[PDB]
Amino acid sequence: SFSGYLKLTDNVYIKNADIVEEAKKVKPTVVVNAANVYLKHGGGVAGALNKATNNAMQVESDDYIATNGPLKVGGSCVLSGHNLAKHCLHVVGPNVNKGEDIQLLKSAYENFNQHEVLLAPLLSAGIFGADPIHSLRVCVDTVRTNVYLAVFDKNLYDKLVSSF
Ligand SMILES: Cc1[nH]c2ncnc(NC(=O)[C@@H]3CCO[C@@H]3C)c2c1C
(Lines give C-alpha, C1' and ligand atoms only; values in the text may rest on other atoms or scores of the structure.)
Protein backbone atom coordinates (compact mmCIF):
# COMPACT_ATOMS: atom_id res chain seq x y z
CA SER A 1 0.00 0.00 0.00
CA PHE A 2 0.96 3.75 -0.05
CA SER A 3 3.42 4.83 2.62
CA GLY A 4 5.07 8.01 3.75
CA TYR A 5 2.38 10.37 2.46
CA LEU A 6 1.38 13.59 4.13
CA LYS A 7 -2.42 13.94 4.37
CA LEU A 8 -3.66 17.27 2.91
CA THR A 9 -7.45 16.64 2.98
CA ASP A 10 -9.97 13.83 3.54
CA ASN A 11 -8.94 12.35 0.14
CA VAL A 12 -5.70 14.01 -1.06
CA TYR A 13 -2.22 12.85 0.04
CA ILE A 14 1.26 14.05 -1.06
CA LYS A 15 4.82 12.71 -1.08
CA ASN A 16 8.21 13.90 -2.37
CA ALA A 17 8.84 11.00 -4.72
CA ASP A 18 9.49 10.08 -8.33
CA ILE A 19 6.14 8.74 -9.60
CA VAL A 20 8.03 6.07 -11.61
CA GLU A 21 9.77 4.72 -8.48
CA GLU A 22 6.53 4.95 -6.49
CA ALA A 23 4.67 2.99 -9.19
CA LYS A 24 7.37 0.26 -9.32
CA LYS A 25 7.24 -0.14 -5.54
CA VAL A 26 3.45 0.04 -4.94
CA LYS A 27 2.15 -1.37 -8.28
CA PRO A 28 -1.09 0.61 -7.82
CA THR A 29 -4.39 -0.11 -9.57
CA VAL A 30 -4.06 3.20 -11.44
CA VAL A 31 -1.09 5.37 -12.24
CA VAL A 32 -1.86 8.71 -13.93
CA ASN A 33 0.25 9.84 -16.84
CA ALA A 34 0.68 13.51 -17.67
CA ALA A 35 -0.15 12.87 -21.34
CA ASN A 36 -0.49 15.02 -24.44
CA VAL A 37 -3.32 14.58 -26.98
CA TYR A 38 -1.11 12.48 -29.30
CA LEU A 39 0.09 10.20 -26.47
CA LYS A 40 3.68 11.02 -27.53
CA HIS A 41 5.52 10.24 -24.30
CA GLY A 42 8.71 12.18 -24.95
CA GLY A 43 9.67 13.80 -21.65
CA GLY A 44 8.62 14.76 -18.17
CA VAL A 45 6.45 12.27 -16.37
CA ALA A 46 5.27 10.69 -19.63
CA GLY A 47 8.78 10.14 -20.99
CA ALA A 48 9.91 8.70 -17.65
CA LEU A 49 6.91 6.33 -17.29
CA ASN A 50 7.31 5.19 -20.89
CA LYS A 51 11.06 4.55 -20.43
CA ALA A 52 10.27 2.43 -17.35
CA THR A 53 7.98 0.26 -19.55
CA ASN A 54 10.81 -0.30 -22.09
CA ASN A 55 8.70 1.68 -24.66
CA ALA A 56 5.75 -0.74 -24.37
CA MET A 57 3.58 2.23 -23.28
CA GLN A 58 4.45 4.10 -26.47
CA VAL A 59 3.77 1.07 -28.71
CA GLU A 60 0.35 0.59 -27.10
CA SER A 61 -0.35 4.30 -27.31
CA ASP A 62 0.49 4.53 -31.02
CA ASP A 63 -1.99 1.71 -31.71
CA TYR A 64 -4.63 3.54 -29.61
CA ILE A 65 -4.13 6.80 -31.60
CA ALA A 66 -4.12 4.96 -34.94
CA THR A 67 -7.56 3.55 -34.01
CA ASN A 68 -9.16 6.46 -32.14
CA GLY A 69 -7.40 9.66 -33.06
CA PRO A 70 -6.11 12.18 -30.53
CA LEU A 71 -7.54 12.84 -27.12
CA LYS A 72 -9.12 16.19 -26.21
CA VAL A 73 -7.24 18.61 -23.90
CA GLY A 74 -8.99 17.89 -20.55
CA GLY A 75 -9.70 14.29 -21.63
CA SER A 76 -8.30 10.90 -20.82
CA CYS A 77 -8.09 7.27 -21.79
CA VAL A 78 -7.42 4.09 -19.81
CA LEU A 79 -4.62 1.91 -21.13
CA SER A 80 -2.42 -0.80 -19.61
CA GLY A 81 -0.16 0.05 -16.68
CA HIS A 82 2.42 -2.48 -18.01
CA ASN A 83 5.00 -3.28 -15.31
CA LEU A 84 4.09 -0.19 -13.25
CA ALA A 85 0.40 -0.52 -12.37
CA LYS A 86 -2.73 -2.46 -13.42
CA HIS A 87 -3.88 0.54 -15.52
CA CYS A 88 -2.47 3.84 -16.71
CA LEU A 89 -4.96 6.69 -16.88
CA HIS A 90 -3.51 9.03 -19.54
CA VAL A 91 -4.85 12.48 -18.68
CA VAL A 92 -4.27 15.60 -20.83
CA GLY A 93 -3.98 18.77 -18.79
CA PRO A 94 -3.69 22.09 -20.68
CA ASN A 95 -0.24 23.08 -21.76
CA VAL A 96 0.17 26.77 -20.92
CA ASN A 97 3.33 26.93 -23.09
CA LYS A 98 0.93 26.23 -26.08
CA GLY A 99 -1.74 28.81 -25.01
CA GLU A 100 -4.23 26.16 -23.86
CA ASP A 101 -7.03 27.30 -21.52
CA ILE A 102 -5.97 26.76 -17.87
CA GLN A 103 -9.71 26.33 -17.01
CA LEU A 104 -9.37 22.95 -18.76
CA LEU A 105 -7.26 21.84 -15.75
CA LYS A 106 -10.45 21.27 -13.71
CA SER A 107 -11.88 19.12 -16.55
CA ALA A 108 -8.61 17.15 -16.60
CA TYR A 109 -8.78 16.41 -12.86
CA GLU A 110 -12.47 15.36 -13.17
CA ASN A 111 -11.20 12.22 -14.96
CA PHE A 112 -9.74 11.08 -11.62
CA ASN A 113 -13.24 10.75 -10.16
CA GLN A 114 -13.87 7.65 -12.28
CA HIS A 115 -11.27 5.70 -10.18
CA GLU A 116 -11.46 4.97 -6.47
CA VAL A 117 -7.74 5.40 -5.83
CA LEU A 118 -4.92 6.78 -8.00
CA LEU A 119 -1.20 7.50 -7.90
CA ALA A 120 -0.76 10.80 -9.80
CA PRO A 121 1.48 13.75 -10.62
CA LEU A 122 0.34 17.41 -10.52
CA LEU A 123 -1.39 17.95 -13.87
CA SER A 124 -0.23 20.78 -16.13
CA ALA A 125 2.84 21.30 -13.87
CA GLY A 126 6.45 20.59 -14.90
CA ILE A 127 7.03 20.94 -18.63
CA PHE A 128 3.33 21.78 -19.20
CA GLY A 129 3.99 25.26 -17.79
CA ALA A 130 1.30 25.81 -15.14
CA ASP A 131 1.88 26.88 -11.54
CA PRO A 132 2.05 23.70 -9.41
CA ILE A 133 0.48 25.55 -6.44
CA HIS A 134 -2.57 26.21 -8.63
CA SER A 135 -2.60 22.61 -9.87
CA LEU A 136 -2.69 21.31 -6.30
CA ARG A 137 -5.58 23.63 -5.41
CA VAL A 138 -7.61 22.52 -8.46
CA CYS A 139 -6.84 18.88 -7.54
CA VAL A 140 -8.11 19.32 -3.96
CA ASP A 141 -11.20 21.21 -5.10
CA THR A 142 -12.08 18.77 -7.94
CA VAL A 143 -11.05 15.22 -7.08
CA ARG A 144 -13.30 13.36 -4.64
CA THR A 145 -11.67 9.92 -4.91
CA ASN A 146 -8.42 9.00 -3.10
CA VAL A 147 -5.45 10.60 -4.81
CA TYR A 148 -1.81 10.02 -3.84
CA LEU A 149 0.30 12.79 -5.38
CA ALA A 150 3.97 12.29 -6.08
CA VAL A 151 6.05 15.48 -6.50
CA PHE A 152 9.56 14.87 -7.77
CA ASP A 153 11.13 18.22 -6.89
CA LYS A 154 11.87 18.47 -3.12
CA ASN A 155 11.97 22.26 -3.17
CA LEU A 156 8.58 22.46 -4.88
CA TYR A 157 7.17 19.74 -2.55
CA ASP A 158 8.18 21.82 0.51
CA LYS A 159 6.61 24.94 -0.99
CA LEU A 160 3.37 23.04 -1.82
CA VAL A 161 3.05 21.71 1.75
CA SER A 162 4.09 24.98 3.48
CA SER A 163 1.64 27.11 1.50
CA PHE A 164 -1.31 24.67 1.63
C1 LIG B 1 10.25 12.20 -14.23
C2 LIG B 1 9.26 12.76 -13.27
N3 LIG B 1 8.75 11.96 -12.27
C4 LIG B 1 7.88 12.72 -11.53
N5 LIG B 1 7.19 12.27 -10.47
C6 LIG B 1 6.39 13.21 -9.97
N7 LIG B 1 6.26 14.48 -10.34
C8 LIG B 1 7.00 14.89 -11.37
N9 LIG B 1 7.05 16.24 -11.68
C10 LIG B 1 7.51 17.23 -10.91
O11 LIG B 1 7.88 17.09 -9.74
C12 LIG B 1 7.53 18.57 -11.62
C13 LIG B 1 8.93 19.23 -11.67
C14 LIG B 1 8.64 20.67 -11.32
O15 LIG B 1 7.43 20.66 -10.57
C16 LIG B 1 6.58 19.64 -11.12
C17 LIG B 1 5.54 19.21 -10.12
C18 LIG B 1 7.84 14.02 -12.06
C19 LIG B 1 8.73 14.03 -13.19
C20 LIG B 1 9.00 15.17 -14.13
Side-chain angles (χ1 to χ4, degrees), residues 1-9 11-58 60-61 73-74 76 79-98 100 102 104-109 111-112 115 117-143 145-164:
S1 223
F2 294 104
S3 76
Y5 286 74
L6 189 153
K7 185 168 180 62
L8 296 177
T9 71
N11 64 299
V12 180
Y13 296 82
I14 195 166
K15 185 180 181 181
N16 176 33
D18 179 348
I19 194 171
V20 173
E21 291 305 310
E22 195 70 8
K24 290 177 181 176
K25 182 134 192 66
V26 172
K27 303 186 180 153
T29 305
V30 179
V31 64
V32 175
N33 181 32
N36 57 56
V37 296
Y38 305 109
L39 301 182
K40 286 301 190 213
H41 309 305
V45 167
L49 289 173
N50 176 60
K51 179 180 175 184
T53 75
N54 182 47
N55 210 50
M57 177 182 286
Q58 189 65 67
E60 178 196 31
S61 294
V73 176
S76 71
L79 292 174
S80 180
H82 301 275
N83 55 315
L84 304 176
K86 177 171 190 178
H87 302 296
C88 177
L89 178 70
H90 295 272
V91 181
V92 184
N95 187 323
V96 168
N97 303 316
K98 301 174 176 172
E100 298 173 349
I102 196 61
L104 293 164
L105 185 54
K106 187 172 183 73
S107 301
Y109 274 118
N111 294 285
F112 287 26
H115 299 278
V117 57
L118 312 89
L119 168 62
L122 284 171
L123 301 178
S124 294
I127 70 176
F128 281 61
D131 183 349
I133 297 177
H134 175 64
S135 184
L136 177 57
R137 186 61 58 192
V138 177
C139 180
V140 158
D141 290 343
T142 305
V143 183
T145 57
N146 295 324
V147 58
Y148 288 84
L149 295 167
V151 175
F152 181 62
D153 196 278
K154 171 62 167 160
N155 297 118
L156 172 61
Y157 170 85
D158 288 343
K159 180 178 183 39
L160 287 165
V161 169
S162 72
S163 64
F164 189 65

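Whatever order the structure lists them in is the order used to number ligands and atoms, beginning at 1. Along the sequence shown, residues carry numbers from 1. The figures that follow rest on heavy atoms only: side chains count, while hydrogens, waters and symmetry mates do not.
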Any residue meeting side-chain contact (heavy atoms from CB on, under 4.5 Å) with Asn83, in chain and number order, not counting sequence neighbours: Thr53

Aromatic plane relationship, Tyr148 with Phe2 - under 30° parallel, 30 to 60° tilted, over 60° perpendicular: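 Parallel.
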
Per-ligand residue contacts, ligand 1, heavy-atom threshold under 4.0 Å: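 Lining ligand 1 at under 4.0 Å, by heavy atoms, one finds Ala17, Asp18, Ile19, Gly44, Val45, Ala48, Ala125, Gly126, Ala150, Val151, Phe152, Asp153, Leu156.
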
For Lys40, salt bridge (charged side-chain N to carboxylate O under 4.0 Å, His left out) partners two or more places apart: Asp62

Residues which pass salt bridge (charged side-chain N to carboxylate O under 4.0 Å, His left out) with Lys154, listed by chain and number, not counting sequence neighbours: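 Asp158.
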
Residue among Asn33, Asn36, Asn55 satisfying side-chain hydrogen bond (donor to acceptor under 3.5 Å, both in side chains) with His41: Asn33

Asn111 side-chain N/O to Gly74 backbone N/O, donor-acceptor pair under 3.5 Å: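 Pair found, side chain donor or acceptor close to backbone of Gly74.
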
